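Each chain carries a letter (A, B, C, D, E and F) given by its place in the written order, and its residues are counted from 1.
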């Protein structure tokens, strides 16, 4: 009776039948900013029907020799929907999120994915290989859009920190014999109550295949992975003209 | 004025001293705090979360380091063979160096309390089997057969709907606290050896792959403590930064 | 890499006559990152034109330009010839930012 | 006023390292960037790379990577360019310039122009 | 009420635990339905199995304190943050404040994402061999935006509002106390994003990861005289951390550092976080 | 009294600090507090899982 679940927010609905529980990161639910912590003077806008709904990004393909992928938030939603238009016309935003990751396979496949949420995921470079370069990652890497980028050295997460203790972050697994969806609810985490939506990425989402995908020849070889996200308590403030990026 | 005396201990800078020092800004008031989620009040809260254990730390995995996080389970021809063995010392170098418990133990000297190890099976749904996971108190080497290794604390794990088991490593020691083990004289503080054996085979039908993998996680119990803070050798600064 | 073809190579005109210096870019680029520079002989270059229509302080307002897409032109049509120099159009929208071919003028 | 001051011309043999250093004053060194442009005879001016003086972040053109390295020191208000593996073809004039603020990323102040020549 | 639609939970509170948990006596248990050794790590929750649900235990009343692992005790230890040397040659230096040039204190502060504290600095000064001579010195803290000194005899050293400390070299080291002086509500060691606006090009790549809320200006020392002093100076700064709050722990870095401002690592020799052995069955 | 300006003022620690100046951030550290919340990192899960019952049934 605990394996099935249904999440409805906005005009969209996700149903699943092989689920684990729902993870609420740090035991905190997303909410609006109270008047004790607020600093801006003008009244914020709360659309809350057109922006608090499930958005579906593109689809990746899990090969037998995949490395991993990562997405940045709220970079993925700055070009889609009414969320993408409010973030271009306003100067400040504040929101929680809700990430849902689907990947299904048969009862004859095997594998394991680790889905984790790492706030302020700052990337790094290999310093030219030799270690004497003060290089910097390009703009297409630090902000990849709604497509997402792949990892080059997944053992250090391209940031010098090991994968073995990524599980200190709020995380779930996708073991292909038990469940096929993972779901984490993230509140707003920052040192400031509002922030710009075009200059700053709050957290990052990493999906890394720990145990590699295996099957026999003759089974289905196209195993796709899909990410679905939804803002929770989005507010905007500081109206302005449209700034594209 | 008031007659006074100066004792030994004057004009010394002890770095661990806690005292009052003169402020540089009168009337200053800091920025008010807001509610940020996820506050840490004690380092013992981070030591209870489970992190991956690198049991497969061979000398051939050093070029493709993603293979170290999983160790294989396959279909055997003999009975009662062993799959892996590793020491249970979190302070010694080895598989425990990859955890947040083994990296925060390097900052202290003595530790106490019991640990816990969790295994997670990453095979297919159609595969079954049983394993034997045994913890042996100090005194011997690695046991030679399964009939000797089972005389200690053990658990028998059946692969099924619940894909995880937990073996608790209970606190069995002569002393109250236990410093870090090492070669030489400090292996008086060893805590034993964790092995894993095949109870029955790894049975699989036609059409499903014949090799699975197991991920091993490790944490701490609620009676775990640490004391006598020091520094770690897990970082070295041979050259100047930048 | 992105190539700039600055045409023509030589020029000789009278005072008061129009001087048209054309740059042709292989890709349609953003017009606001294009710039123009002026090099006195034996001296360092100097910025003339930013934003393809606007001038820095110390420059007379006779210099102007209008271009979009592939072709890009700058026009001076005045009398004085105390400034004889080589001219370079420098695009900066795509990386690396590259200069033009080069145009120098001569007077009568 | 703000002016860029460079170093004098230096003569070395092919196969040795040489240093060129330009120093600026009259403005805060940390707020603005610094670019390096190479002008060869018969060719146009070529962009080597730009550098942030605040953190020592660097950038290089892909034809010049390995040819020359950029670095900076914050206190003495100096930014110098090291030249390794010189050939005869590197004999050109090198300019250091700074990026503009109100301009749409334009070099507005340039140096005196240092010169290198390479012969045995 | 003309519109019925416009009129229209914490998980766990914290508690005081001075000592570690006790152990209660247990006996054998044979039954069906109840099973505490089988868990599910796929839910992202750690296991809740204790000692008594697995083995048979005795009663243990342990009085092991948990004071040592509080974050106030983990950080209240002075560590080296800078070494400043006056061989530079004109009797004064300017050192822009960046306290992450030494790897020992950097690995401790980078365990958390956000931190908010009070500091306490100590200035140890000697010649480059340790020998002390009588010589008068002046340290000045320059907040961001103030004019920084350009010479030994500049007007900036008049210190009408900038805090300054005068000391001679044969004293005990000087100690001051600094408040929390950020515009934000905490310091952050990791900033994902660009501080400025505009279209990002190659020239904008040099700005990534720079938070302006952590720049605290420069720190200037000099010899108080107006002519050339015949001595060399070497200054060391140590910093304690008091009144600490910290949020959102992170993984600890396992690769050696290269620069002061970014997590770049040397990509050729990726160090494995564990020491390797020969075979998996024989330790 | 004194002007209250410390980095730990909303949620403060034990009451044993010593101070001789007027500014409260100059005080000593004092003995730290014993409070902790181990549940919000090890069980950040909506539906409550007990110890006896199987978790995925």
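Criterion: a contact is a pair of C-beta atoms (placed from the backbone, for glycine too) under 8 Å apart; a residue touches a chain by one contact, two chains touch by 3 or more.
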Chains touching both chain E and chain F, listed by label: A, B
Distance from the mean Cα position of chain E to that of chain D, given in whole angstrom: 36
Whole-Å separation of chain centres (CA-atom averages), chain C against chain F: 65
Separation of mean Cα positions, chain D and chain B [Å, integer]: 52
Distance between chain centroids, defined by C-alpha means - chain B, chain C (Å): 67
Multi-chain contact residues (two or more partners), chain F: 5-7, 23, 25-26, 28-29, 33, 35-37, 39-42, 44-45, 49, 54-57
Contacts with 2+ other chains: residues of chain A: 20-21, 23-28, 134-136, 155, 162, 164-165, 168, 170, 173, 175, 178, 189, 191-192
Shared-contact residues (touching 2 or more other chains) in chain E: 11-12, 14, 38-46, 49-50, 66, 70-71, 73, 76, 114, 116, 177, 179-180, 184-186, 201-202, 205-206, 245, 247-249, 251-254, 258-262, 270, 273
Contact graph of the chains (line, ring, star, complete, other): other
Chain D-facing residues of chain C, complex: 32-33, 35, 44-47, 50-51, 56, 88, 92, 96-102
Chain F partner contacts - residues on chain E that touch it in the complex: 11-18, 34-36, 38-40, 43-46, 48-50, 53, 66-67, 70-73, 76, 116-118, 177, 179-180, 242-245
Parts of chain E lying in touch with chain B, wherever the complex brings them together: 14, 20-23, 37-42, 46-47, 49-51, 54-55, 57, 62, 64-66, 68-71, 73-74, 76-79, 100-104, 107, 112, 114, 116, 120, 122, 124, 141, 163, 172-173, 175-186, 238, 240, 245-249, 251-254, 256-261, 270, 272-283
Touching residues on chain A, where the partner in the complex is chain D: 133-136
Complex interface listing, chain F residues touching chain B: 3, 5-7, 9-10, 18-23, 25-30, 33, 35-38, 40-42, 54-57
